[PDB]
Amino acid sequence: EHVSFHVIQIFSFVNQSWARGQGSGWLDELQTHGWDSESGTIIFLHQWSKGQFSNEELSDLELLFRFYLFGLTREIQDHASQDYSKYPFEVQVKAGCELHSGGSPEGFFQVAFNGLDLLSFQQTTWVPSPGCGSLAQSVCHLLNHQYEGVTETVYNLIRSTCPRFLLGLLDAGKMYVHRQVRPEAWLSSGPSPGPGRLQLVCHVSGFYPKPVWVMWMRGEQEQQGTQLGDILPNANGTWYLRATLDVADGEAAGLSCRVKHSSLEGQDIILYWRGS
């Protein structure tokens, strides 16, 4: 088991005078924080999104983030000179930490350029990705020598502040992050798989957490043709899964869809196909 807190950023440089910066905070896959760019402030998305942090610590962090966003955008627009054949381009930052059962926390700070790994932070040092050549090395030189106080601040944030925050954030959100949410299911017919063939669809929606089991059945016999799709997100923290079955003409009667999930505990959902 391990839990991650990610602060992500997206910097889209359109031209020499127009960049835009976006950012958010995520507890595993659950967004817990946004960033308001026109007022440059944190958006607390849940009542528990402040964790155990005081308003004072959060105000400090807010000022630090707004300084960071503006100064990074400005230094990049400065050092991208008049090379306006290089626009548009886009920088991504994924920073944060992970708590581990029985292990020490992990802290990370990873940067991408046009969707490729560019460089990362390694304890004390900015390290160019081997798969991004000259530019990576160039940026890392500057980061390693021109901006050393920024670097000690980054180290402290990802290795000390982030896991402390994440611990308090799990605790503040404990009644939510460990919720069990029961799904509903419904059946429909799908696109024809072929002449003399039918496709049955079992939709399972609204479950949390993500692990789920779904099979088409004839009585207690699981059906070979069962095919599960991807687990897809719903709004408000639940998930969706489609399970289909191709069946020959004149054999759909008596089939059912069976759903197991932690939230049911010995109350499998069983839905019978009613036609056709």
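The first residue of the shown sequence is 1; numbering continues from there.
Averaged over their C-alpha atoms, the temperature factors of 38-46 and 25-33 are higher for 38-46. Looking at 185-193 and 101-109 together, the entry lists the larger mean B-factor for 101-109, computed on C-alpha atoms. Among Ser85, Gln92, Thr161, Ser129, the highest C-alpha B-factor recorded in the PDB entry belongs to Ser85. Comparing the listed residues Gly51, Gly250, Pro209, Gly229, the entry records the largest Cα B-factor for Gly250. Ranked within its chain, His2 lands in the highest third, by CA B factor from the PDB record. In the PDB entry, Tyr147 places in the highest third of its chain by CA B-factor. Compared with the other modelled residues of the chain, the Cα B-factor recorded for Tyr176 ranks in the highest third. Ranked by Cα temperature factor within the chain, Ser17 sits in the highest third according to the deposited record. Among the modelled residues of its chain, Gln267 has a C-alpha B-factor that falls in the highest third according to the deposited record.
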